[PDB]
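Colleague: So that we are looking at the same thing, I have put the structure below in structure tokens.
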Amino acid sequence: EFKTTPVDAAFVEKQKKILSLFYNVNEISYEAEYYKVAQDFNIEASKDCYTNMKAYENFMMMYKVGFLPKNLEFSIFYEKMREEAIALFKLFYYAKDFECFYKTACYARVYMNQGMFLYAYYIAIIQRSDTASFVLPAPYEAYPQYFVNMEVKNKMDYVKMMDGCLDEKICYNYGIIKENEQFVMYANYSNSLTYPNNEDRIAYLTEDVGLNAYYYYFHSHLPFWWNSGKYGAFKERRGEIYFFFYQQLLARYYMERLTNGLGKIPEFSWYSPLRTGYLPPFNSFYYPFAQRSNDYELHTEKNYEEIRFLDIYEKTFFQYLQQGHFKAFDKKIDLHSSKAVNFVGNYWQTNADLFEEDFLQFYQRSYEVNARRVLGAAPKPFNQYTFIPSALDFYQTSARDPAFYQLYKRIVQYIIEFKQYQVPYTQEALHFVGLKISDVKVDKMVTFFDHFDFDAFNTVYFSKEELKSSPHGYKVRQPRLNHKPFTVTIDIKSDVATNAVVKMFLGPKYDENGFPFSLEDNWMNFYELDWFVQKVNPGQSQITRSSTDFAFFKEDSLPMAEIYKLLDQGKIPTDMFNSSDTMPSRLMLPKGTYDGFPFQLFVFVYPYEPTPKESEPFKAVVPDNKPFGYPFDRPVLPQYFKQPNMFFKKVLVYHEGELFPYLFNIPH
Amino acid sequence: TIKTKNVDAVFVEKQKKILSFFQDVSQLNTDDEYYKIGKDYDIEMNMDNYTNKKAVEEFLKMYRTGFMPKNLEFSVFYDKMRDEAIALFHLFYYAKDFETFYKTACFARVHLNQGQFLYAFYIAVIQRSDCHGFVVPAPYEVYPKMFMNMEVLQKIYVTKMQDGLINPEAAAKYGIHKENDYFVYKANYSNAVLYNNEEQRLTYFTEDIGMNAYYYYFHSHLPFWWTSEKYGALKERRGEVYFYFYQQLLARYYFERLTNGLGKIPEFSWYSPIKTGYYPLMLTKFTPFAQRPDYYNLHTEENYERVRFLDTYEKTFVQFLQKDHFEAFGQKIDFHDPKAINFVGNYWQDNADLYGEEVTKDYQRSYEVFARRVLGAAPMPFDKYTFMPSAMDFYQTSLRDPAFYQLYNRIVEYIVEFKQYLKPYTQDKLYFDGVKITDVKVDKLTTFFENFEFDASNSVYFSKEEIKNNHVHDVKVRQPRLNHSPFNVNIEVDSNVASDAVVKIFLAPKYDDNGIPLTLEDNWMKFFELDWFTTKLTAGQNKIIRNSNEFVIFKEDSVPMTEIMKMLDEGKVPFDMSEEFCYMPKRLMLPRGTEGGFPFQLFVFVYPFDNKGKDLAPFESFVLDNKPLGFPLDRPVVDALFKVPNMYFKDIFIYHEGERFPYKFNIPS
Ligand SMILES: *[C@@H]1O[C@H](CO)[C@@H](O[C@@H]2O[C@H](CO)[C@@H](O[C@@H]3O[C@H](CO[C@H]4O[C@H](CO)[C@@H](O)[C@H](O)[C@@H]4O)[C@@H](O)[C@H](O[C@@H]4O[C@H](CO)[C@@H](O)[C@H](O[C@@H]5O[C@H](CO)[C@@H](O)[C@H](O)[C@@H]5O)[C@@H]4O)[C@@H]3O)[C@H](O)[C@H]2NC(C)=O)[C@H](O)[C@H]1NC(C)=O
Ligand SMILES: *[C@@H]1O[C@H](CO)[C@@H](O[C@@H]2O[C@H](CO)[C@@H](O[C@@H]3O[C@H](CO)[C@@H](O)[C@H](O[C@H]4O[C@H](CO)[C@@H](O)[C@H](O)[C@@H]4O[C@@H]4O[C@H](CO)[C@@H](O)[C@H](O)[C@@H]4O)[C@@H]3O)[C@H](O)[C@H]2NC(C)=O)[C@H](O)[C@H]1NC(C)=O
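As you go down the protein sequences, you meet chains A and B in turn. Using this note's numbering, the first residue of the first sequence is number 1, and each one after it goes up by one. Using this note's numbering, the first residue of the second sequence is number 1, and each one after it goes up by one.
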């Protein structure tokens with residue numbers, strides 16, 4: 001069913017050790033392995049478990065003081081917590097070998113705030129080169145409270161308090177059933193009480209567990225606060241990735257907007273009311289998540305300083321552009337080079353690369369952090385360890401808030417204003433001399449919703465006795481967007497046998513009006529679907545390529561239950577190991593219409609130039625010296641896009657079955 | 001295929017005379033008979049030719065002070081202009097007989113303002129009992145300036161100045177063709193050139209020449225400023241008609257919103273800015289129409305006085321609501337009485353019947369008049385005769401403005417509030433003893449666009465020679481309009497006892513924007529009436545078939561006045577122009593479908609046609625029933641106490657064929 005990889009026994013021991021810190025994250029089991037190891041791990045007397053004496057002794061300074069206590073909300077966006085998280089990450093990452101890393105994690109798993117631990121631990125598994133290939137459970141299994149709406153969470157809690165079902169038939173009518181002595185709780189996406197506006201049409205994409213997790217993975221693969229020295233040659237292209245990642249996401253999101261009749265992502269002002277509100281159905285130990293009403297005035301007393309910070313952060317960018325020959329933080333940088341694109345993305349992110357340092361420093365203030373605090377609408381932190389959460393406080397929940405897409409669309413618009421200074425590609429740079437795409441055909445592209453399970457066991461609490469047996473079996477089931485596999489068929493005539501790159505993009509055909517888009521106005525609204533190297537023959541030849549093979553999408557994560565079962569076969573899911581940071585397959589297509597929703601497919605073929613071997617942080621970084629998003633990485637002169645080796649096809653996206661997800665969660 | 005009807009040479013003569021006034025409307029053929037009559041006609045001398053001594057003298061006192069001059073724009077929303085229009089109306093209406101009427105109009109055509117004349121003439125013909133049965137051409141043929149953008153108009157103007165085309169093939173590129181001795185101009189809706197908000201999705205509806213012409217007919221059949229005493233039975237029902245007309249219009253419009261993915265009509269405040277602007281592309285020979293930018297602050301200095309008026313007008317009503325029972329306007333009104341709907345509607349239209357008078361007076365300030373002015377965004381009028389027009393100074397253009405629908409949504413909603421005082425019908429009143437609907441079946445419902453032409457000749461000025469030789473009809477405008485295929489409705493009913501029955505057909509949405517099914521409790525006012533009729537039931541099972549083109553509430557397109565001349569030569573007139581003047585055009589019956597098929601519901605009601613104790617035959621051949629208009633959806637419903645064996649809700653889907661977008665019809669290749 002799913003791609004597997006054979007895996008050896010030494011691997012199985014280690015993967016098991018890793019996965020085991022993810023069970024009942026909210027409680028300590030006094031008789032699990034990890035607790036004994038933690039009791040036995042003398043942090044004081046193990047300087048020699050670490051590569052780096054400075055990292056170690058830094059941790060100890062903080063530790064002898066004290067860290068964020070257990071059970072409070074952790075967010076990387078508050079300074080003191082970040083600095084604690086980073087100290088923990090350093091320890092994890094400079095652990096001499098796996099056993100030392102294991103012991104430290106056990107230690108932290110017992111003695112530290114669980115959000116803080118989980119955050120550094122994910123990040124550590126991904127970055128340590130001895131853990132590179134190891135698999136993680138999906139964030140929704142690790143943090144189910146950020147992915148379950150309140151309604152469902154309370155239903156789960158009440159079945160635990162009752163220790164099961166009064167009678168099946170009552171519970172069935174509340175969407176609660178038993179399968180194989182496991183509880184299944186049916187969950188709707190939220191109604192207009194949480195999206196009090198049109199943005200509620202889109203709840204099935206914005207609340208999707210895959211899409212939210214996607215963003216979390218993205219953050220974990222290269223956190224803003226860390227340099228990218230780990231990845232060598234890639235360092236010089238970090239800011240490029242930032243733009244590309246957000247341009248792609250907004251392209252995807254606009255496409256969902258279009259199929260639900262919704263139009264452009266709205267623009268705002270720090271000095272004006274923001275139109276579209278959001279009321280999160282989440283809560284922390286102390287606080288329900290902050291709500292932002294409709295027409296929320298951004299410019300109130302408590303935001304005045306933050307807004308002045310944000311306002312000048314943007315205008316500083318404008319001043320660079322006005323000046324052409326800019327220069328922040330050491331060098332003079334020219335706008336027509338690419339040292340430039342690097343700078344641009346880093347600038348908007350305030351990442352560690354901007355300042356050319358290893359880790360972000362306590363006093364270095366982020367644009368994104370301050371925007372997130374203003375848009376999140378929360379009252380100010382009570383003390384440094386206690387803030388009032390909003391959706392924008394976490395990567396697991398950010399994509400739920402319409403303001404998220406508005407903030408990032410603004411940043412993307414600014415970056416695009418810079419792209420006006422880049423030289424557009426000429427005819428000769430885009431022409432594949434001697435080669436011509438003569439036709440493109442596609443299978444029916446069809447979307448539908450179907451059910452989806454995950455274990456939400458991590459936010460139910462369990463007794464001392466039950467913990468001895470690491471208990472799960474509280475499953476949430478959700479209708480989720482999906483599509484049928486299709487094939488793309490490309491017809492090629494060339495003069496000569498050569499290696500080629502084939503790329504595919506999906507973009508809109510018509511605006512909200514019903515007018516055709518021009519390339520000049522639409523290049524930013526295409527997202528990449530696939531990338532691959534093909535060996536062409538001389539003459540007439542034919543390339544077929546299934547959607548299940550598209551380079552940039554993954555299969556669904558498996559639950560840990562399945563992971564252990566596969567592990568017992570020496571098997572592992574390829575997609576969870578080789579590409580967690582990639583968008584889920586089921587969301588590759590925006591919801592269609594029974595009708596057939598008009599979009600367009602761009603197939604581009606250009607020569608393969610042999611670029612040697614790396615090991616970069618995302619699967620978006622493909623073995624090619626070309627810009628990411630190439631040839632749609634910058635403004636376009638439309639007269640150059642009628643190259644024989646390019647082809648635009650109208651495709652229609654259909655939908656099958658029920659149009660509305662709630663029709664799948666109705667009892668009788 | 002035009003529903004015809006036969007006529008005698010006396011009719012044709014009168015009819016040709018009536019029609020003569022609509023030719024070359026902005027000019028005088030000093031050769032035509034209408035001129036000779038008009039020039040010399042002495043009104044004082046003819047006082048004995050009028051039913052009303054003082055209406056003649058009132059007129060002649062007005063006429064000696066002077067009337068609105070030629071060429072300036074007329075609108076009935078301004079005091080002095082209205083009063084002259086009414087003064088002239090009376091003169092027309094009290095003419096002894098046709099001869100007198102005709103000579104009077106000749107005078108008015110030669111000497112009075114043309115929009116003033118036409119406005120009064122039009123109404124006179126609908127109102128004079130000796131003119132019932134006569135035909136008037138389409139308002140778009142009469143005021144083509146009002147039914148088309150600047151772009152077409154300028155092309156038309158350019159062609160007349162050059163006296164033809166310098167380059168046939170360059171003209172073709174501009175949507176300008178010569179067919180026969182006609183110039184045909186293709187025309188787009190305004191969204192093909194302007195997309196300033198989402199409301200531009202709906203310009204094939206709001207700019208539809210049929211829909212706009214419809215509203216002008218409605219106004220002309222019963223002006224707010226005139227009593228309805230002449231319509232007998234309708235007098236105690238005037239308010240209900242007013243509500244019903246807007247309620248219907250707004251349900252229809254809302255449907256166009258849903259299929260274009262736009263949801264509820266937005267609410268506004270007199271104290272806040274309003275979101276959606278309007279940017280008229282229409283030209284006045286003297287001026288440009290006023291623009292309302294987006295986020296127009298209604299409450300600026302120039303409106304402080306008008307808004308204090310609108311607010312009290314509204315609040316007085318909120319006070320009536322709170323009071324339940326009260327004496328207003330010299331009448332004790334009770335809100336639990338359903339008949340109070342008469343007063344309610346009258347109050348919002350500030351019509352003459354509110355005061356129980358023949359004609360409204362200047363000091364009876366109208367709410368609608370002042371809402372239209374406020375929302376129109378015009379600067380203050382220069383003087384009594386000189387204003388900056390907006391879409392909302394004219395019945396012909398009002399539907400073009402999104403703010404129009406918001407205004408009347410506002411008023412309708414306040415009326416809905418009063419409706420909450422009415423007891424919902426019980427089982428007992430709705431239940432047809434021994435009758436049951438077992439099935440309803442519908443033919444595919446499909447929409448599509450097809451081209452439509454009209455004579456735009458009145459927008460153009462002809463030379464003395466052309467006026468003589470009567471080559472004055474040569475300009476046609478071609479524009480895609482919405483339409484639909486004919487479809488049948490099969491009703492299968494069981495009844496044990498034979499008897500007469502009324503069959504009613506209603507159309508409604510099926511889901512809100514969240515895609516939750518419409519409950520009746522909330523959504524009874526979003527039902528649009530398609531058809532009213534009677535049949536004979538027999539014991540056993542019957543099949544009732546009804547075609548969409550037998551639907552009583554809709555009419556066929558008017559024919560151009562040129563074709564009416566052709567027909568009058570055979571002794572014929574098109575039926576739907578004569579007694580079905582003021583119904584909505586059939587082509588606009590259904591909202592534009594989607595290609596996958598948009599979900600609606602069809603509601604079918606069957607109830608006994610007992611006798612006809614009281615039936616409407618005065619203004620409208622409409623409610624031949626003792627039943628409220630929109631019966632049984634004229635008041636709030638209870639889902640549970642509502643459904644009975646003789647009602648059927650059927651799920652229906654509205655398709656669309658061919659091009660989705662009008663502009664696709666105007667591409668040259
Ligand atoms: C109702 O509301 C009130 C007020 O909000 C709230 O009171 C607060 O309770 C918390 C704890 O629940 C209090 O915090 C504790 O305070 C003591 C002493 O605090 C003072 O002394 C410190 C040093 O002497 C000084 O530095 C402080 O600034 C302060 O003046 C602390 O000792 C407590 O323990 C720490 O807690 C952390 C664990 O989460 C650790 O960082 C820390 O280190 C650890 O400790 C062990 C020894 O136990 C050591 O061996 C390890 O090395 C380990 O790292 C230590 O355990 C704790 O901070 C807070 O002060 C109260 N507020 C006020 C204003 O008095 C009530 O609790 C609320 N009640 C309810 C029912 O909700
Ligand atoms: C209603 O609204 C719709 C939508 O707005 C209008 O539809 C538009 O109609 C346009 C024509 O008026 C059409 O533009 C043409 O597109 C075709 C197809 O690509 C081109 O062939 C045309 O280009 C010719 O004219 C240009 C300038 O006018 C020249 O620059 C160009 O050279 C070309 O001329 C020809 O090409 C040769 C050059 O090598 C030349 O030698 C030869 O002799 C030719 O003359 C136009 O660009 C729009 O594309 C179309 N819009 C859409 C979205 O479809 C419609 O016109 C409006 N209708 C009315 C009645 O107002």
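All C-beta atoms in this analysis are idealised placements derived from N, C-alpha and C, irrespective of residue type, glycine included.
1. Give me every residue whose Cβ sits closer than 7 Å to any heavy atom of ligand 2, in chain order.
2. In chain order, what are the residue ranges of uninterrupted alpha helix (DSSP H) at least 4 long that sit wholly in the region 399–475 of chain B?
3. Around ligand 4, which residues pass a check of Cβ closer than 5 Å to any of its heavy atoms?
4. So residue 192 of chain A contacts chain B; which residues on that side make the cut at Cβ distance below 7 Å?
5. Taking C-beta pairs closer than 9 Å, name the residues in chain A that residue 660 of chain B reaches, listed in chain order.
6. With a CB to CB cut of under 7 Å and the five nearest residues on each side skipped, what residues in its chain are close to residue 654 of chain B?
7. Does any residue of chain B have a CB that is nearer than 7 Å to the CB of residue 660 of chain A?
8. Which residue from B:109, B:586 and B:453 puts its Cα closest to that of residue 559 of chain B?
9. How far does the alpha helix (DSSP H) with residue 500 of chain A in it reach, from first residue to last?
10. Please tell me whether residue 596 of chain B has its Cβ less than 7 Å away from any Cβ of chain A.
11. Using CA atoms only, rank isn't needed, just tell me which of A:629, A:654, A:576 and A:610 is closest to residue 2 of chain A.
12. Taking any Cβ of chain B, which residues in the region 187–221 of chain A have a Cβ under 8 Å from it, in chain order?
13. Taking only beta-carbon atoms, is residue 195 of chain B less than 7 Å away from chain A?
14. To the nearest angstrom, report how far apart residue 654 of chain A and residue 518 of chain B are at their CA atoms.
15. Can you tell me the Cα-Cα spacing of residue 413 of chain B and residue 367 of chain B, whole angstroms?
16. Mind pulling the beta strand (DSSP E) runs of 3 or more residues that sit fully within the region 149–187 of chain A?
17. Check each residue of the region 189–216 of chain B: if its Cβ is closer than 8 Å to any Cβ of chain A, include it; give the result in chain order.
18. Are the C-beta atoms of residue 277 of chain B and some chain A residue less than 7 Å apart?
19. Quick one, which residues of the region 250–268 of chain B are near chain A if we go by CB-CB under 8 Å, in chain order?
20. Anything in chain B within Cβ reach of residue 277 of chain A, meaning under 8 Å, just list it in chain order.
21. Kindly indicate which three-state DSSP category residue 583 of chain B falls into: helix, strand or coil?
22. Looking at the secondary structure, which residues open and close the alpha helix (DSSP H) in which residue 668 of chain A lies?
23. Is the distance from the Cβ of residue 242 of chain A to the Cβ of residue 319 of chain A below 7 Å?
24. Around the Cβ of residue 319 of chain B, are there at least 16 other Cβ atoms within 10 angstroms (buried) or fewer (exposed)?
25. Specify, as a first and last residue, the run of the alpha helix (DSSP H) that residue 605 of chain B falls within.
26. Just list the beta strand (DSSP E) runs in the region 493–544 of chain B, keeping only unbroken ones of 3 residues or longer that don't cross its boundaries, in chain order.
27. Do the region 445–461 of chain A and the region 629–640 of chain A touch if we need at least three Cβ pairs shorter than 8 Å?
28. Which residues in chain B have a C-beta closer than 7 Å to the C-beta of residue 595 of chain A? List them in chain order.
29. Looking at the C-beta of residue 261 of chain A, does it have a partner C-beta in chain B at a distance below 7 Å?
30. With DSSP collapsed to three states, give me the class of residue 6 of chain A.
31. Once the 5 residues before and after residue 69 of chain A are set aside, which same chain residues still bring their CB inside 8 Å of it?
32. Can you grab the Cα-Cα spacing for the pair residue 656 of chain A / residue 315 of chain A, in whole Å?
33. Within a Cβ cutoff of 8 Å, which residues of the same chain sit near residue 639 of chain B, ignoring the five residues on either side of it in sequence?
34. Can you grab the Cα-Cα spacing for the pair residue 481 of chain A / residue 668 of chain A, in whole Å?
35. Taking the beta carbon of residue 18 of chain A as the centre, do at least 16 other beta carbons fall within 10 Å, making it buried, or is it exposed?
Modeller: For this structure:
1. A:515, A:516, B:151, B:173, B:174, B:175, B:186, B:187, B:188, B:192, B:193, B:663, B:666, B:667 and B:668
2. 402–419, 427–430 and 464–468, all fully within the region 399–475 of chain B.
3. In the structure shown, ligand 4 is absent; the only ligands present are ligand 1 and ligand 2.
4. Within the first sequence, the letter at position 192 stands for residue 192 of chain A. Ordered by position in chain B, the residues that pass the 7 Å Cβ test against residue 192 of chain A are 514.
5. Locating residue 660 of chain B in the second sequence gives position 660, where the first residue counts as 1. Chain A residues near residue 660 of chain B: 514.
6. Here residue 654 of chain B corresponds to residue number 654 of the second sequence, with the count starting at 1. Same-chain partners within the cutoff: 445, 447, 590, 591, 593, 597, 598 and 600.
7. To locate residue 660 of chain A, count along the first sequence from 1; it is residue 660. Closer than 7 Å: yes.
8. For the purposes of this step, residue 559 of chain B is taken as the residue at position 559 of the second sequence. Comparing Cα positions, the closest option is B:453.
9. As a working note, residue 500 of chain A is residue 500 in the first sequence. Residue 500 of chain A -> not in any alpha helix (DSSP H); beta strand (DSSP E) instead, spanning 498–508.
10. The residue labelled residue 596 of chain B in the question sits at position 596 within the second sequence. Yes - at least one Cβ of chain A is within 7 Å of the one on residue 596 of chain B.
11. The sequence position of residue 2 of chain A within the first sequence is 2, counting from 1. The shortest Cα separation from residue 2 of chain A among A:629, A:654, A:576 and A:610 belongs to A:576.
12. Of all residues in the region 187–221 of chain A, only 191, 192, 198, 200 and 201 place a beta-carbon less than 8 Å from a beta-carbon of chain B.
13. Counted from its first residue, the second sequence places residue 195 of chain B at position 195. Judged by the 7 Å Cβ criterion, residue 195 of chain B is in contact with chain A.
14. Residue numbering aside, residue 654 of chain A sits at position 654 when the first sequence is read from its first letter. Residue numbering aside, residue 518 of chain B sits at position 518 when the second sequence is read from its first letter. Distance from the CA atom of residue 654 of chain A to the CA atom of residue 518 of chain B, rounded to whole angstroms, is 26 Å.
15. Your numbering for residue 413 of chain B matches position 413 in the second sequence. Your numbering for residue 367 of chain B matches position 367 in the second sequence. Going by the C-alpha atoms only, they are around 15 Å apart.
16. 176–179 and 182–186
17. 191, 195, 198, 200 and 201
18. Sequence index remark: in the second sequence, residue 277 of chain B carries index 277 (1-based). No, because no Cβ of chain A sits closer than 7 Å to the Cβ of residue 277 of chain B.
19. 260, 261, 262 and 263
20. For the purposes of this step, residue 277 of chain A is identified with residue 277 of the first sequence, where counting begins at 1. Near residue 277 of chain A there are no residues of chain B at all, since even the closest Cβ is about 16 Å away, more than 8 Å.
21. On the second sequence, residue 583 of chain B is found 583 positions in, with the first residue counted as 1. Reduced to three states, the DSSP call for residue 583 of chain B is coil.
22. The residue given as residue 668 of chain A occupies position 668 in the first sequence. Where residue 668 of chain A is concerned, there is no enclosing alpha helix (DSSP H), given that its DSSP letter is neither H nor E.
23. For the purposes of this step, residue 242 of chain A is identified with residue 242 of the first sequence, where counting begins at 1. For the purposes of this step, residue 319 of chain A is identified with residue 319 of the first sequence, where counting begins at 1. In this structure, residue 319 of chain A does not lie closer than 7 Å to residue 242 of chain A by Cβ.
24. For the purposes of this step, residue 319 of chain B is identified with residue 319 of the second sequence, where counting begins at 1. Counting other Cβ atoms within 10 Å of its Cβ, residue 319 of chain B stays below 16 and is therefore classed as exposed.
25. Within the second sequence, the letter at position 605 stands for residue 605 of chain B. No alpha helix (DSSP H) holds residue 605 of chain B; the beta strand (DSSP E) holding it covers 598–608.
26. 499–509 and 528–537
27. no
28. For the purposes of this step, residue 595 of chain A is identified with residue 595 of the first sequence, where counting begins at 1. Within chain B, the residues placing a beta-carbon under 7 Å from that of residue 595 of chain A are 594, 595 and 596, ordered along the chain.
29. If you number the first sequence from 1, residue 261 of chain A lands on position 261. At least one chain B Cβ lies under 7 Å of residue 261 of chain A.
30. For the purposes of this step, residue 6 of chain A is identified with residue 6 of the first sequence, where counting begins at 1. Three-state result, residue 6 of chain A: strand.
31. The residue labelled residue 69 of chain A in the question sits at position 69 within the first sequence. If we look at residue 69 of chain A and ignore the five residues flanking it on each side, its Cβ neighbours are 113 and 385.
32. Sequence index remark: in the first sequence, residue 656 of chain A carries index 656 (1-based). Sequence index remark: in the first sequence, residue 315 of chain A carries index 315 (1-based). Per the coordinates, the alpha-carbon of residue 656 of chain A lies some 48 Å from the alpha-carbon of residue 315 of chain A.
33. For this step, residue 639 of chain B is matched to residue 639 along the second sequence. Within the same chain, residue 639 of chain B has close Cβ partners 519, 520 and 521.
34. Along the first sequence, one-based indexing puts residue 481 of chain A at 481. Along the first sequence, one-based indexing puts residue 668 of chain A at 668. Their Cα atoms are separated by approximately 23 Å.
35. What you label residue 18 of chain A is simply residue 18 of the first sequence in a count that begins at 1. The residue is buried, with at least 16 neighbouring Cβ atoms inside 10 Å.
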